[PDB]
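The next block holds one structure in the form of structure tokens; read it before the comments.
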Amino acid sequence: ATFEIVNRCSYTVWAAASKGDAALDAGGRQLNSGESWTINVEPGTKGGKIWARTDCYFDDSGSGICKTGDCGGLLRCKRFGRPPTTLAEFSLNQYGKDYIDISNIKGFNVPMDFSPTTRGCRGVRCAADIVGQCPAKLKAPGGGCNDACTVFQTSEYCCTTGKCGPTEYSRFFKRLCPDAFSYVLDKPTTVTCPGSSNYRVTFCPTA
């Protein structure tokens, strides 16, 4: 499957694509404002994620640091990124279907639209000003709005036992972005697409 990753933000982001134990395609790239990066993701990939990283420095070997979404200091991510990260999540070719979502379970850094470019399903978006409205206790100094599990490390926020309810903090994310996951047991906002669909991920879609 093809994913076209587009930075419509006025600022540079460093896109990342991983399935947690391996890079997808090259794993990461700088995207200046307006730039597009097309990657190929192998059919059957389960548990892939795409995210943006902000305020990065990398040396000529591809090592450095980002203030949001850092994946172990690498430009080309093999692992998932440090919160806060708005996440585009997908599993492809699962018994003939693709499944996609946006998640705020690991916080929010950059607004995002995640849409198919082929027929048969709808896209999802989270584009509200979550960082500007972020509760004081969740604000990340490096930028972004952390989830409550990252900040407080309780079984209720992290859903450690598989039982948890919505919280004041999850409701904050859900009010601003109803079509993204706000906690682990949120009513699913997953979209089912035909197997082998193609997609576009757009950062700052309303910019």
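Scheme for the structure tokens: letters A, B, ... for chains in order shown; per-chain residue numbers from 1; ligand numbers from 1 in order shown.
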Within 9 Å of residue 206 in chain A using only C-alpha atoms, minus same-chain residues under 6 positions, as a ChimeraX atom specification:
/A:8-9,111,127
Do you know which residues are at most 9 Å from residue 30 in chain A counting only C-alpha atoms, after dropping those on the same chain fewer than 6 positions away, and could you put them as a list in words?
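Near residue 30 in chain A, the qualifying residues are residues 12, 13, 14, 15 and 75 of chain A.
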Keeping only C-alpha atoms, write the selected residues to a file as a PDB file, in the first residue's frame.
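The resulting file, result.pdb, is reproduced below:
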```
ATOM      1  CA  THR A  12       9.024  21.803   9.442  1.00  0.00           C
ATOM      2  CA  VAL A  13       8.163  18.401  10.835  1.00  0.00           C
ATOM      3  CA  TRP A  14      10.104  15.154  10.817  1.00  0.00           C
ATOM      4  CA  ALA A  15       7.700  12.438   9.782  1.00  0.00           C
ATOM      5  CA  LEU A  75      16.087  10.179  12.089  1.00  0.00           C
TER       6      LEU A  75
END
```
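Residue nearest residue 59 in chain A within the list A:102, A:1, A:74, A:131: A:74 [criterion: smallest interatomic distance, only C-alpha atoms].
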Distance of CA of residue 19 in chain A from CA of residue 80 in chain A, expressed in Å to one decimal place
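Taking CA of residue 80 in chain A as the start and CA of residue 19 in chain A as the end point, the length is 7.4 Å.
Considering only C-alpha atoms, the residue among A:171, A:164, A:83, A:92 positioned nearest to residue 66 in chain A is A:83.
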Counting only C-alpha atoms, which of A:205, A:28, A:194, A:73 gets nearest to residue 117 in chain A?
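Residue with the minimum atom-to-atom distance to residue 117 in chain A: A:194.
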Nearest to residue 10 in chain A: which of A:154, A:78, A:86, A:31 is it, counting only C-alpha atoms?
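Of A:154, A:78, A:86, A:31, the one nearest residue 10 in chain A is A:31, counting only C-alpha atoms.
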Selected residue, from A:61, A:85, A:103, A:36, that lies nearest to residue 173 in chain A when counting only C-alpha atoms
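Looking at the shortest contact to residue 173 in chain A, the residue is A:103.
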Nearest to residue 202 in chain A: which of A:51, A:11, A:114, A:99 is it, counting only C-alpha atoms?
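For residue 202 in chain A, the nearest of the given residues is A:114.
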Taking 3 positions as the minimum chain separation for residues in the same chain, which residues sit within 12 Å of residue 160 in chain A when counting only C-alpha atoms? Answer as JSON, numbers by chain.
{"A": [149, 153, 154, 155, 156, 157, 163, 164, 165, 183, 184, 185]}
What would the file look like if the residues just selected were written as a PDB file, in the first residue's frame with N, CA and C atoms?
```
ATOM      1  N   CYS A 149      -2.135   9.229  31.144  1.00  0.00           N
ATOM      2  CA  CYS A 149      -1.354   8.066  31.552  1.00  0.00           C
ATOM      3  C   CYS A 149       0.130   8.403  31.612  1.00  0.00           C
ATOM      4  N   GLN A 153       0.577   8.127  35.466  1.00  0.00           N
ATOM      5  CA  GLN A 153       0.956   6.726  35.672  1.00  0.00           C
ATOM      6  C   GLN A 153       0.040   6.014  36.674  1.00  0.00           C
ATOM      7  N   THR A 154      -1.273   6.162  36.511  1.00  0.00           N
ATOM      8  CA  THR A 154      -2.220   5.432  37.345  1.00  0.00           C
ATOM      9  C   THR A 154      -2.875   4.323  36.535  1.00  0.00           C
ATOM     10  N   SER A 155      -3.357   3.299  37.247  1.00  0.00           N
ATOM     11  CA  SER A 155      -4.061   2.221  36.565  1.00  0.00           C
ATOM     12  C   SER A 155      -5.329   2.710  35.873  1.00  0.00           C
ATOM     13  N   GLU A 156      -5.980   3.742  36.411  1.00  0.00           N
ATOM     14  CA  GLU A 156      -7.197   4.243  35.784  1.00  0.00           C
ATOM     15  C   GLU A 156      -6.895   4.943  34.463  1.00  0.00           C
ATOM     16  N   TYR A 157      -5.870   5.802  34.424  1.00  0.00           N
ATOM     17  CA  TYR A 157      -5.565   6.499  33.177  1.00  0.00           C
ATOM     18  C   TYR A 157      -4.932   5.569  32.156  1.00  0.00           C
ATOM     19  N   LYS A 163      -9.768  -2.582  32.693  1.00  0.00           N
ATOM     20  CA  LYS A 163     -10.990  -1.930  33.122  1.00  0.00           C
ATOM     21  C   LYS A 163     -10.641  -0.508  33.512  1.00  0.00           C
ATOM     22  N   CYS A 164     -11.324   0.431  32.896  1.00  0.00           N
ATOM     23  CA  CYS A 164     -11.149   1.838  33.184  1.00  0.00           C
ATOM     24  C   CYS A 164     -12.318   2.547  32.535  1.00  0.00           C
ATOM     25  N   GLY A 165     -12.585   3.753  33.014  1.00  0.00           N
ATOM     26  CA  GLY A 165     -13.615   4.591  32.459  1.00  0.00           C
ATOM     27  C   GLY A 165     -13.023   5.831  31.840  1.00  0.00           C
ATOM     28  N   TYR A 183      -9.050   7.423  25.074  1.00  0.00           N
ATOM     29  CA  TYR A 183      -8.525   6.552  26.121  1.00  0.00           C
ATOM     30  C   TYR A 183      -8.642   5.127  25.591  1.00  0.00           C
ATOM     31  N   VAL A 184      -8.083   4.182  26.340  1.00  0.00           N
ATOM     32  CA  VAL A 184      -7.898   2.833  25.813  1.00  0.00           C
ATOM     33  C   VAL A 184      -9.227   2.173  25.464  1.00  0.00           C
ATOM     34  N   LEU A 185     -10.253   2.358  26.296  1.00  0.00           N
ATOM     35  CA  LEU A 185     -11.538   1.696  26.095  1.00  0.00           C
ATOM     36  C   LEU A 185     -12.590   2.621  25.508  1.00  0.00           C
TER      37      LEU A 185
END
```
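Picture a line from CA of residue 200 in chain A to CA of residue 181 in chain A; it runs 19.2 Å.
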Please extract the residues of chain A with a backbone DSSP assignment of alpha helix (DSSP H) and present them as a VMD selection string.
chain A and resid 130 to 133 148 to 152 155 to 158 168 to 176
Please save N, CA and C atoms of the selected residues as a PDB file, in the first residue's frame.
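Done, and the output landed in part.pdb:
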```
ATOM      1  N   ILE A 130      -5.744  21.659  20.237  1.00  0.00           N
ATOM      2  CA  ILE A 130      -5.560  20.937  21.490  1.00  0.00           C
ATOM      3  C   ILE A 130      -4.406  21.513  22.295  1.00  0.00           C
ATOM      4  N   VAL A 131      -3.323  21.935  21.630  1.00  0.00           N
ATOM      5  CA  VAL A 131      -2.193  22.444  22.402  1.00  0.00           C
ATOM      6  C   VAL A 131      -2.557  23.752  23.090  1.00  0.00           C
ATOM      7  N   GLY A 132      -3.260  24.640  22.387  1.00  0.00           N
ATOM      8  CA  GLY A 132      -3.635  25.912  22.986  1.00  0.00           C
ATOM      9  C   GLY A 132      -4.607  25.774  24.141  1.00  0.00           C
ATOM     10  N   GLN A 133      -5.473  24.763  24.096  1.00  0.00           N
ATOM     11  CA  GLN A 133      -6.489  24.575  25.119  1.00  0.00           C
ATOM     12  C   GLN A 133      -6.067  23.560  26.179  1.00  0.00           C
ATOM     13  N   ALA A 148      -3.005  11.640  30.014  1.00  0.00           N
ATOM     14  CA  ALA A 148      -2.946  11.530  31.469  1.00  0.00           C
ATOM     15  C   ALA A 148      -2.193  10.294  31.943  1.00  0.00           C
ATOM     16  N   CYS A 149      -2.135   9.229  31.144  1.00  0.00           N
ATOM     17  CA  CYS A 149      -1.354   8.066  31.552  1.00  0.00           C
ATOM     18  C   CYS A 149       0.130   8.403  31.612  1.00  0.00           C
ATOM     19  N   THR A 150       0.641   9.031  30.559  1.00  0.00           N
ATOM     20  CA  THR A 150       2.026   9.499  30.537  1.00  0.00           C
ATOM     21  C   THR A 150       2.340  10.374  31.738  1.00  0.00           C
ATOM     22  N   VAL A 151       1.445  11.293  32.086  1.00  0.00           N
ATOM     23  CA  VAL A 151       1.748  12.242  33.157  1.00  0.00           C
ATOM     24  C   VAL A 151       1.641  11.590  34.534  1.00  0.00           C
ATOM     25  N   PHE A 152       0.544  10.883  34.806  1.00  0.00           N
ATOM     26  CA  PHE A 152       0.235  10.463  36.174  1.00  0.00           C
ATOM     27  C   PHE A 152       0.496   8.995  36.476  1.00  0.00           C
ATOM     28  N   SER A 155      -3.357   3.299  37.247  1.00  0.00           N
ATOM     29  CA  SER A 155      -4.061   2.221  36.565  1.00  0.00           C
ATOM     30  C   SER A 155      -5.329   2.710  35.873  1.00  0.00           C
ATOM     31  N   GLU A 156      -5.980   3.742  36.411  1.00  0.00           N
ATOM     32  CA  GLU A 156      -7.197   4.243  35.784  1.00  0.00           C
ATOM     33  C   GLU A 156      -6.895   4.943  34.463  1.00  0.00           C
ATOM     34  N   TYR A 157      -5.870   5.802  34.424  1.00  0.00           N
ATOM     35  CA  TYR A 157      -5.565   6.499  33.177  1.00  0.00           C
ATOM     36  C   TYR A 157      -4.932   5.569  32.156  1.00  0.00           C
ATOM     37  N   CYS A 158      -4.124   4.626  32.605  1.00  0.00           N
ATOM     38  CA  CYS A 158      -3.411   3.741  31.703  1.00  0.00           C
ATOM     39  C   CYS A 158      -4.210   2.499  31.352  1.00  0.00           C
ATOM     40  N   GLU A 168     -11.833  13.099  33.314  1.00  0.00           N
ATOM     41  CA  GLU A 168     -11.850  14.502  32.917  1.00  0.00           C
ATOM     42  C   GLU A 168     -10.844  14.759  31.810  1.00  0.00           C
ATOM     43  N   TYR A 169      -9.670  14.147  31.910  1.00  0.00           N
ATOM     44  CA  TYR A 169      -8.648  14.374  30.901  1.00  0.00           C
ATOM     45  C   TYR A 169      -9.008  13.735  29.563  1.00  0.00           C
ATOM     46  N   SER A 170      -9.545  12.514  29.557  1.00  0.00           N
ATOM     47  CA  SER A 170      -9.910  11.920  28.274  1.00  0.00           C
ATOM     48  C   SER A 170     -11.027  12.704  27.612  1.00  0.00           C
ATOM     49  N   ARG A 171     -11.967  13.217  28.415  1.00  0.00           N
ATOM     50  CA  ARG A 171     -13.082  13.979  27.857  1.00  0.00           C
ATOM     51  C   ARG A 171     -12.606  15.267  27.213  1.00  0.00           C
ATOM     52  N   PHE A 172     -11.515  15.841  27.714  1.00  0.00           N
ATOM     53  CA  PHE A 172     -10.936  17.012  27.060  1.00  0.00           C
ATOM     54  C   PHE A 172     -10.551  16.700  25.617  1.00  0.00           C
ATOM     55  N   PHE A 173      -9.785  15.630  25.410  1.00  0.00           N
ATOM     56  CA  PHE A 173      -9.403  15.262  24.051  1.00  0.00           C
ATOM     57  C   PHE A 173     -10.626  14.919  23.211  1.00  0.00           C
ATOM     58  N   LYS A 174     -11.608  14.242  23.809  1.00  0.00           N
ATOM     59  CA  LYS A 174     -12.758  13.761  23.045  1.00  0.00           C
ATOM     60  C   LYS A 174     -13.660  14.905  22.624  1.00  0.00           C
ATOM     61  N   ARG A 175     -13.805  15.914  23.472  1.00  0.00           N
ATOM     62  CA  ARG A 175     -14.628  17.064  23.120  1.00  0.00           C
ATOM     63  C   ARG A 175     -14.072  17.768  21.890  1.00  0.00           C
ATOM     64  N   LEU A 176     -12.752  17.914  21.829  1.00  0.00           N
ATOM     65  CA  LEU A 176     -12.130  18.642  20.733  1.00  0.00           C
ATOM     66  C   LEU A 176     -11.946  17.783  19.491  1.00  0.00           C
TER      67      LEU A 176
END
```
